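Only one chain is given next, in structure tokens, and it is the form solved without this ligand.
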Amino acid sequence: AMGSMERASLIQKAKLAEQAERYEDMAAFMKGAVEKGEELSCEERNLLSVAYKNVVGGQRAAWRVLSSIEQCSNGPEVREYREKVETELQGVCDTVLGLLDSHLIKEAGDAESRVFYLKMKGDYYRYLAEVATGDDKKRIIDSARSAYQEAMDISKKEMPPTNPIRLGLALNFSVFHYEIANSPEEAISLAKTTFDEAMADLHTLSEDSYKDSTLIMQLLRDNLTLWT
């Protein structure tokens, strides 16, 4: 599909699509780039994440609108169209999970790449869990938790407490606990420990690293304000 296009041209077109706010295009360019089989640089991993974040973010917001309407109603149309949007969302999550399993994660040896991809695996199972019902929901939740836990274990061993990758993983795992796993205390404990550990490490940073880390710390704080 993007098999005939040069890797470098796919990356170039992904950045153009980002400028144009054409996130479905950007995601398809980045899927093509991944399927070239080469590992992704830091910049390229960020392009991949931004593209699919935006695509699934749209689908999630739409699914929430439709599910709200369907709940209020409780003919077949609202259910039918919520299911169409749900299926397309699951498809996008399955596509991203597929890229990570074939073969991004297994080739990723450095902590910055491995933690990034395992956080992504956690996040896309987490979006699957948001629309899942029943027992099915359990196995998906456990997949998300496992991915996030492996990423946390590597990040705590390999990265400083202020590393933005590590801080963003902890932010999302804390949201997983509060919103998916019905564990608001675990969510608050994680976000509070993560914030306090980063605070203590800020003195080590340059002005630009300080701004990157404090930005994500503020997100942990905003959640802690919401949750306490």
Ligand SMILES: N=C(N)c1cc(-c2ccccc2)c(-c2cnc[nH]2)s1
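Note that residue numbering follows the sequence shown and begins at 1.
Where residue 74 is followed by residue 75 in the displayed chain, the model omits 4 to 9 of the deposited residues that sit between the two.
Per-stretch averaging of Cα B factors for 207-215 and 8-16 places 207-215 on top.
Annotation for 31-39 versus 61-69: the higher mean temperature factor (C-alpha) is found in 61-69. Per the deposited coordinates, the residue with the largest Cα temperature factor out of 194, 49, 182, 174 is 182. Sort the chain's modelled residues by C-alpha temperature factor and residue 109 lands in the highest third, per the entry. Ranked by Cα temperature factor within the chain, residue 131 sits in the middle third according to the deposited record. For residue 164, the recorded CA temperature factor ranks within the middle third of the chain's modelled residues. Per the deposited record, the Cα B-factor of residue 119 falls in the lowest third when ranked against the other modelled residues of its chain. Among all modelled residues in this chain, the alpha-carbon of residue 141 has a temperature factor (C-alpha) in the highest third.
The same protein also exists as the form solved in complex with this ligand; that form is not shown, yet it is the one meant from here on.
The closest heavy atom approach of residue 43 to this ligand in the deposited bound form falls within 4.5 Å. Proximity of residue 33 to this ligand in the deposited bound form falls outside the 4.5 Å heavy atom cutoff. Although the partner is absent here, residue 47 lies within 4.5 Å of this ligand in the deposited bound form, judged by heavy atoms. Although the partner is absent here, residue 153 sits far enough away that none of its heavy atoms falls within 4.5 Å of this ligand in the deposited bound form. Three-residue candidate spot 8, 38 and 147; no residue lies within 4.5 angstroms of this ligand in the deposited bound form by any non-hydrogen atom.
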